[PDB]
There are 2 protein chains.
Amino acid sequence: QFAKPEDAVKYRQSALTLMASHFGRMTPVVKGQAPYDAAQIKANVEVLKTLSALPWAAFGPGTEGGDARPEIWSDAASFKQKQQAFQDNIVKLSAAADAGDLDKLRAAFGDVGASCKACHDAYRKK
Amino acid sequence: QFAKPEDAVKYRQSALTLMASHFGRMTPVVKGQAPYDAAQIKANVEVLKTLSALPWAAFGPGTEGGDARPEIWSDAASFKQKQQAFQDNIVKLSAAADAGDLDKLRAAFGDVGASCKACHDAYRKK
Ligand code: HEC
Ligand code: HEC
Ligand SMILES: O=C1O[C@H]([C@@H](O)CO)C(O)=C1O
Ligand SMILES: O=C1O[C@H]([C@@H](O)CO)C(O)=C1O
């Protein structure tokens, strides 16, 4: 869907900004500093689930740029495994949110965060 | 969810970038220059539906900036009506996509585009 590689870069950077806001805005909730409204969180995690599938299609062939390391492309299978592990952790966060249990949410939230950082450590430029 | 107004501006600008890509990438389809796969479009419009609800929460009180005209805030009811008309047109586009009919899709698509432009004409800086 991108006329030029710059358009894919702009897309993924916007997707990731959204995704970071929808994830990160839950930090006060999982820390107990903001109240836990199970329906609020369920709806937010549904938005996060949609967003979290979006970046990966915007690292298509020829879309080198931004803060993406070139190894995303030369080690495609290993990058796919980090994105699929992350996505699987988003499924687990959805399950916790759908269950309405703050203990499970905070554990699932931590797992997702770990998965974000693991990918960045390997595939995001410093 | 925004620590500073700049964060709301960044959020809405990212949401709108996404939303423009998910809308605009259908232009070749509705013009007949790309093939019409009803399931592909249905899935894309589902993503667009999620995205199209996101910008409006990021024009909260005190979030003046970007290319947003100040009248978004001083004429709040009229801005809400443009966003709700747009959202209603997104419902109609979902219906057309869910029906699998290219004639209905192209009409609904045109209505959505008109609604984007109408809002920009009143509420987006030049
Ligand atoms: C690989 C499978 C990743 C996972 C999982 C997550 N992120 Fe990521 N992120 C990745 C890359 C390769 C890049 C660089 C993209 C580019 O072309 O520049 C990023 C970048 C970000 C950013 C900065 C975005 C910007 O506006 O420029 C943020 C804020 C970010 N990533 C956040 C984020 C979060 C919150 C994640 C888990 C919920 C997450 N990322 C996962 C690769 C990967
Ligand atoms: C008001 C109800 C709007 C509707 C409906 C749509 N848009 Fe919009 N748009 C609006 C404003 C007030 C602004 C400025 C936001 C800011 O703070 O800068 C915008 C901006 C855009 C942009 C530029 C985004 C950027 O990255 O800076 C684009 C590409 C855009 N809008 C696209 C777009 C499309 C495709 C729409 C219908 C599907 C649409 N907008 C509707 C206000 C409103
Ligand atoms: O909100 C975020 O969480 C992850 C990471 O900090 C988790 O360790 C990330 O990159 C964000 O922007
Ligand atoms: O794809 C887009 O469509 C609308 C408008 O051009 C429709 O007239 C807009 O502002 C976009 O970025």
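Analysis parameters
Residues numbered from 1 in each chain as written, not as in the entry; some residues may be left out. Chains lettered and ligands numbered in written order. Heavy atoms only, no water. Residues with missing side-chain atoms left out of burial classes, pairs and counts. Donors = N, O, S within 2.8 Å, 3.2 Å for Na, K, Ca; no water. Helix = DSSP H or I, 4+ residues; strand = E, 2+ residues; numbered from the N terminus. Contact = heavy atoms within 4.5 Å. Nonpolar A, V, L, I, M, F, W, Y, C, P; charged D, E, K, R; others polar. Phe/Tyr/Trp six-rings, centres within 6.5 Å; stacked < 30°, edge-to-face > 60°. Buried < 20%, exposed > 50% of the residue type's maximum accessible area, 1.4 Å probe, protein only. UniProt positions renumbered as here; feature names shortened; annotations may be inferred. Core = buried A, V, L, I, M, F, W, Y, C linked by side-chain atoms within 4.5 Å. Least-squares fit on C-alpha atoms. Near = heavy atom within 4 Å. Polar contact = N/O pair within 3.5 Å; in protein donor to acceptor, adjacent residues only side chain to side chain. Areas by Shrake-Rupley, 256 points an atom, 1.4 Å probe, with all protein chains shown as cover. Expected span 1.5 Å × (residues − 1).

Participant: Even after reading the chapter, I still don't get the coordination of the iron atom of ligand 1, so can you show me in this structure?
Facilitator: Think of it this way: four donors in a tetrahedron around the metal ideally sit 109.5 degrees apart, and six in an octahedron ideally sit 90 or 180 degrees apart. Among all protein atoms, only A:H120 (NE2) binds the iron atom of ligand 1, sitting 2.0 Å from it. In this structure, A:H120 sits in helix α6 (residues 102-123).

Participant: Explanation requested: the interface of chain A and chain B in the structure shown.
Facilitator: Where interface size is quoted, it is often the accessible area lost as the parts come together. The interface of chain A with chain B comprises 15 residues on the first partner and 15 residues on the second. Counting residues per element, the ones that place at least two in the side of chain A that touches chain B are α1 (5-24) and α3 (38-52) of chain A. The element best represented in the side of chain A that touches chain B is α1(A), accounting for eight residues. Tallied by class, the residues present in the side of chain A that touches chain B amount to seven nonpolar, six polar and two charged.

Participant: Whenever I open this one, the packing of aromatic side chains confuses me. Can you help?
Facilitator: The relation between two aromatic rings is expressed through the spacing of the ring centres and the mutual angle of the planes. All names here are of chain A. The final tally for this structure, using the stated rule, is 16 aromatic pairs over all chains. An angle of 90 degrees between the planes, with centres 5.2 Å apart, marks the rings of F79 and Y123 as edge-to-face. Of this pair, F79 sits in helix α5 (residues 76-99) while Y123 sits in helix α6, placing them 44 residues apart in sequence. Assessed through its relative accessible area of 7%, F79 is described here as buried. Relative accessible area serves as the criterion here: at 8%, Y123 is assigned to the buried category.

Participant: Help me out: how do you make sense of the environment of B:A43 in this one?
Facilitator: Residue position: B:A43 is located in helix α3 (residues 38-52). B:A43 sits 78 residues away from B:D121 along the chain, and the two C-alpha atoms are 30 Å apart.

Participant: What's the story with the UniProt feature "binding site: heme c" in chain A in this structure? I'm lost.
Facilitator: Those places that UniProt annotates as "binding site: heme c" correspond, in this numbering, to A:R12, A:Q13, A:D67, A:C116, A:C119 and A:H120. The class of A:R12 is buried, set by a relative accessible area of 4%.

Participant: I tried to follow the nonpolar core on my own but got confused; where do I start?
Facilitator: Soluble globular proteins: nonpolar side chains tend toward being buried together. Ranked by internal contacts, the top residues of the largest apolar core, which has 56 residues, are A:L51, A:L93, B:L51 and B:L93. What B:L51 contacts, discounting residues up to four positions off in sequence, is A:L18, A:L51, A:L54, B:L18, B:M19 and B:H22. Within the second largest apolar cluster, seven residues are counted, among which are B:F59, B:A68, B:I72 and B:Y123.

Participant: Looking at this structure, how should I read the relation of the copies chain A and chain B?
Facilitator: One copy of the chain maps onto the other through a rotation about an axis plus a displacement along that axis. Relative to chain B, chain A is turned by 180 degrees and slid 0.0 Å along the rotation axis, the superposed coordinates differing by an RMSD of 0.0 Å. Given the turn and translation reported, the copies of this chain are related as if by a two-fold rotation axis. Closest to the rotation axis within chain A is the C-alpha of A:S14, separated from it by 2.3 Å. Looking at chain A, 100% of its interface residues are interface residues in chain B too, so the copies touch through the same face.

Participant: Where do I start with the site of ligand 3 in this structure?
Facilitator: Residue and element names in this part refer to chain A. With respect to spatial proximity, the complete set of residues near ligand 3 consists of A20, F23, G113, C116, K117 and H120. Taking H120, its side chain carries an N or O atom lying 3.5 Å from an oxygen atom of ligand 3. With the chains in place, 54% of the 320 Å² that ligand 3 exposes on its own is no longer accessible. Tallying contributions element by element places α6 first for the shell around ligand 3, with four residues. Residue composition of the shell around ligand 3, by class: three nonpolar, two polar and one charged.

Participant: Would you take a moment to explain helix α1 (residues 5-24) of chain B for this structure?
Facilitator: Residues that lie three or four places apart on an α-helix share one face, since the helix turns once every 3.6 residues. End to end, α1(B) covers 28 Å across 20 residues, agreeing with the expected 28 Å (1.5 Å per residue, within 8%). Every buried residue of α1(B) is accounted for by B:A8, B:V9, B:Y11, B:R12, B:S14, B:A15, B:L18, B:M19, B:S21, B:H22 and B:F23.

Participant: Honestly, the side chain of B:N89 in this entry has me stumped. Any pointers?
Facilitator: Inspection of the secondary structure puts B:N89 in helix α5 (residues 76-99). Residues in contact with B:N89, not counting those within four places in the same chain, are B:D111, B:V112 and B:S115.

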